[PDB]
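Visitor: This structure is in structure tokens; I'll ask about it shortly.
Residue numbers (the working numbering): 26 to 720.
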């Protein structure tokens, strides 16, 4: 079979290539020690230790003028760790820190003095840290990672759904009605099924979703023992949920499916965790579950689950870099919570292959847990060996967990790349004849301007045969992606999507066209030209542009909004002006503000066509209150940040809007330059840019 093996390989390649904050900060410090500050180039920030003491003693021979005893040492961190935990907070005056702290070439020493000192003043290091923005650094890392692996993640998620459903049906854990419901619920061709984001009091889950019809209701929740939970209707589901999160441990595990921001309470409105405690307590009606019921506009639910998980990684990362004081040990793992939840429930089997359960990643009813990796005594040896953990909990995930999981993932991927291959596609110059003879088909059976479906003998996996219009009628086998108009060639023996080799489906004048080279401009479904948008164009990356500066090659990013925003585009309303117009709302209730947002293809089309913030047809309401949360009212969130806009629009679409202030709501203090707006609210769609870069 081995289809399993290709799945695990991709899963491993995802975790292996994920940005570890420790590694990113280390490299950046070496970059600035190589260029901006060459006199420190000798310094390895992962084997030099910033140490803070209570006891101080004069020394005419040291670099600080002081020596210290280890017995009286309060904190012990690597230069990388120190930069991550905003060590500058520990000192009101920098030049004073040299009296109580120092940089040393070891962590274990009775006496910390000139013989183990390092020729760097804490003050120098702190003044260096002030000039650095590690949050922006990790953001650029996450943007590059997603640019490279977004489709890998989406496709893997789709195949995880399929495989878990099939395995459960074979074990007799779900009905065929339930299996049919689950599979049909992806694209919803017959529209016989309703799909909603899973929300709680207007706080939306990153990876969960709900699909229900008058017949049955299902909730998909990744990483649980049973990914899909069925119920006769919405209310039996609500009661099942309340019973499951009746456990404090299980309740926190379920909350791990929400952004760190949404999980914490706000100034005026509450957060997720507290709301769930009150639900089990009974204060909450229990109808507050699925309270917003935001409709899912995209065709494949995994496209939506992917972008939300993507935006959550960005935000969880922003928090983890900014605020890490007095936090839980699992904090930093949230970026990977969703990805690691894709461990296959089916067995795999291979030699010396580390499996999440052998790595402290156990399965539960509401997702995955790390308690064995964090507090389990199995790894307490490794954990105790690492410094800084005793006083900064977050490091458990940064300095121990993330690198451990990534290293074991690399081991796995190297093993499997030896064992298994990636490409077994149709060349047409050979194997085409043998293949068709296997499947009793012929060119006449493959319709021109059409597609032909097959089930593979090995796995019984669907496959699409087509003739290419650009490559001289060459025949290829492909499969649907999570993206509209995008198919991937497949391994003829297993049916696994080959993400490198892609094909584009286009419709025009009742004629279908397939292309390997690039999409055809003017696709009938999502054709924006016909709409009234004033500014619509395809963004061109640095390779198309003739600047030919350093890294001229890059084809995933554009200078559209950075450093200088494009002239063809409207400038965004500054954040302070928006906070003013909202606080003194009486005067500017009807005044307008310009916002940016990174959205999908279908979201931007629904916005420009229906002229609503969230792509909704429904009439808004009467009285136009827009004063906080309201039953069965859904919101989409925009931004004033050029940075966040560029980051969220890369490899996707940008949407700019004019909106009246009477609708925007900003509930949370930390999430700056961002605003929530009802979906049914009206807007003036000013611009739309395609940053898919498909030449």
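Every residue, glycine too, gets a C-beta built ideally from N, C-alpha and C.
1. What did DSSP end up calling residue 581 once you bin it into helix, strand or coil?
2. Short check: CB of residue 686 to CB of residue 616, under 7 Å?
3. Would you call the segment 66-83 and the segment 380-391 in contact, with 3 or more CB pairs under 8 Å?
4. Restricting to runs no shorter than 3 residues, where is the beta strand (DSSP E) found entirely within the segment 465-510?
5. Among 127, 101, 50 and 570, which residue has its Cα nearest to the Cα of residue 144?
6. Should residue 623 and residue 677 be called a contact, given that it needs their Cβ atoms to be closer than 7 Å?
7. Within the 7 Å Cβ cut-off, does residue 95 reach chain D?
8. Which residues does DSSP list as the beta-bridge partners of residue 145?
9. Among 173, 486, 267 and 671, which has the Cα closest to the Cα of residue 208?
10. Applying the criterion that 16 or more other CB atoms from any shown protein chain within 10 Å of the CB defines a buried residue, is residue 168 buried or exposed?
11. Out of curiosity, what's the CA-to-CA distance linking residue 592 and residue 581?
12. Beta carbon of residue 344: closer than 6 Å to some heavy atom of the ligand MG?
13. Relative to the C-alpha of residue 22, which residue among 298, 396, 286 and 334 is closest?
14. So, residue 492 versus residue 498, is the Cβ gap smaller than 7 Å?
15. Please state whether the Cβ-Cβ distance between residue 520 and residue 488 is less than 7 Å.
16. Evaluate contact between the segment 116-133 and the segment 169-185, counting only Cβ atoms and requiring at least three cross-stretch pairs below 8 Å.
17. My output table needs one value for residue 327: the three-state DSSP class, helix, strand or coil.
18. Among residues of its own chain, excluding the 5 on either side of residue 331, which ones have a beta-carbon nearer than 8 Å to its beta-carbon?
19. Measuring alpha carbon to alpha carbon, tell me which of 645, 583 and 556 ends up nearest residue 711.
20. Can you tell me the Cβ-Cβ gap for residue 154 and residue 113, rounded? I've got them flagged as a contact below 8 Å.
21. With which residues is residue 536 paired in a DSSP beta bridge?
22. I'd like the span of the alpha helix (DSSP H) that includes residue 278, first residue to last.
23. Distance check for residue 369 and residue 397, CA to CA, integer angstroms please.
24. Would you mind working out which of 324, 350, 329 and 360 sits nearest residue 338, comparing C-alpha positions?
25. What number of angstroms, rounded off, separates the C-alpha of residue 70 from the C-alpha of residue 669?
26. Inspect the beta-carbon positions of residue 255 and residue 326 and report whether they are closer than 7 Å.
27. When we look at the beta-carbon of residue 166 and count the other beta-carbons within 10 Å, is it buried (16 or more) or exposed?
28. If you compare alpha carbons, which of 92, 103, 162 and 97 is closest to residue 138?
29. Smallest Cα separation from residue 595: which of 608, 604, 680 and 429?
30. Looking at the secondary structure, which residues open and close the beta strand (DSSP E) in which residue 462 lies?
31. Along the chain, where does the alpha helix (DSSP H) containing residue 96 start, and where does it finish?
32. Tell me the residue span of the beta strand (DSSP E) that contains residue 620.
33. Looking only at C-alpha atoms, which of 481, 695, 412 and 150 sits nearest to residue 116?
34. Which of helix, strand or coil does DSSP assign to residue 112?
35. Counting along the chain, where does the alpha helix (DSSP H) carrying residue 205 start and finish?
36. Checking the sheet assignment: what are the DSSP bridge partners for residue 236?
Guide: The relevant details are as follows:
1. Looking up residue 581 in the chain shown gives position 556. Correct three-state label for residue 581: coil.
2. For this step, residue 686 is matched to residue 661 along the chain shown. For this step, residue 616 is matched to residue 591 along the chain shown. Against a cut-off of 7 Å, the Cβ pair of residue 616 and residue 686 comes out as a contact.
3. no
4. 477-480, 487-492 and 500-505
5. Residue mapping note: residue 144 aligns to position 119 of the chain shown, counting from 1. Nearest option by C-alpha distance: 127.
6. Taking the chain shown and counting its residues from 1, the one referred to as residue 623 is at position 598. Taking the chain shown and counting its residues from 1, the one referred to as residue 677 is at position 652. Their beta carbons are under 7 Å apart, which means residue 623 touches residue 677 by this criterion.
7. Checking the listed chains, one finds no chain D in this structure; it contains a single protein chain.
8. In the chain shown, counting from the first residue as 1, residue 145 sits at position 120. Partner(s): none; residue 145 has no beta bridge.
9. Start at 1 with the first residue of the chain shown, and residue 208 comes out as number 183. Measuring from the Cα of residue 208, the nearest candidate turns out to be 486.
10. In the chain shown, the residue the question calls residue 168 occupies position 143. Classification of residue 168: buried, given that the 10 Å Cβ count is 16 or more.
11. On the chain shown, residue 592 is found 567 positions in, with the first residue counted as 1. On the chain shown, residue 581 is found 556 positions in, with the first residue counted as 1. Going from the Cα of residue 592 to the Cα of residue 581 covers about 21 Å.
12. In terms of ligand content, the structure shown is empty, and the ligand MG therefore cannot be addressed.
13. Since the first and last residues shown for the chain are 26 and 720, residue 22 lies out of range.
14. Translated into the one-based positions of the chain shown, residue 492 becomes position 467. Translated into the one-based positions of the chain shown, residue 498 becomes position 473. Closer than 7 Å, so yes.
15. As a working mapping, residue 520 is identified with position 495 in the chain shown. As a working mapping, residue 488 is identified with position 463 in the chain shown. A contact, by the Cβ cut-off of 7 Å.
16. no
17. For this step, residue 327 is matched to residue 302 along the chain shown. Reduced to three states, the DSSP call for residue 327 is helix.
18. One-based indexing of the chain shown puts residue 331 at position 306. Around residue 331: 175, 178, 179, 182 and 507.
19. Residue mapping note: residue 711 aligns to position 686 of the chain shown, counting from 1. Per the Cα distances, 556.
20. Working through the chain shown from its first residue, we reach residue 154 at position 129. Working through the chain shown from its first residue, we reach residue 113 at position 88. Residue 154 to residue 113, Cβ: 6 Å. Contact.
21. Looking up residue 536 in the chain shown gives position 511. Residue 536 is bridged to 533.
22. Within the chain shown, numbered from 1, the residue matching residue 278 stands at position 253. Here the alpha helix (DSSP H) through residue 278 covers 273-280.
23. Taking the first residue of the chain shown as position 1, residue 397 is located at position 372. Taking the first residue of the chain shown as position 1, residue 369 is located at position 344. Looking at the two C-alpha atoms, the distance is approximately 19 Å.
24. Looking up residue 338 in the chain shown gives position 313. Here the closest residue by C-alpha is 360.
25. Along the chain shown, read from residue 1 onward, the residue named residue 70 stands at position 45. Along the chain shown, read from residue 1 onward, the residue named residue 669 stands at position 644. Rounded to whole angstroms, residue 70 to residue 669 spans 29 Å at the Cα level.
26. Within the chain shown, the letter at position 230 stands for residue 255. Within the chain shown, the letter at position 301 stands for residue 326. Their beta carbons are not under 7 Å apart, which means residue 255 does not touch residue 326 by this criterion.
27. Locating residue 166 in the chain shown gives position 141, where the first residue counts as 1. Its Cβ being crowded by 16 or more others within 10 Å, residue 166 is buried.
28. For the purposes of this step, residue 138 is taken as residue 113 along the chain shown, with counting starting at 1. Residue 138 has its Cα closest to that of 92, out of 92, 103, 162 and 97.
29. Taking the chain shown and counting its residues from 1, the one referred to as residue 595 is at position 570. Comparing Cα-Cα distances from residue 595 to each of 608, 604, 680 and 429, the minimum goes to 680.
30. Position 437 of the chain shown, counted from the first residue, corresponds to residue 462. Taken as a continuous stretch (DSSP letters only), residue 462 belongs to no beta strand (DSSP E), being part of the alpha helix (DSSP H) at 457-463.
31. Along the chain shown, one-based indexing puts residue 96 at 71. Element bounds for residue 96: n/a, residue is neither H nor E.
32. In the chain shown, counting from the first residue as 1, residue 620 sits at position 595. 617-624 is the extent of the beta strand (DSSP E) around residue 620.
33. Your numbering for residue 116 matches position 91 in the chain shown. That would be 150, whose Cα lies nearest to the Cα of residue 116.
34. Position 87 of the chain shown, counted from the start, is the residue given in the question as residue 112. Correct three-state label for residue 112: helix.
35. Your numbering for residue 205 matches position 180 in the chain shown. 201-209 is the extent of the alpha helix (DSSP H) around residue 205.
36. Taking the first residue of the chain shown as position 1, residue 236 is located at position 211. Residue 236 pairs with 220 and 243.
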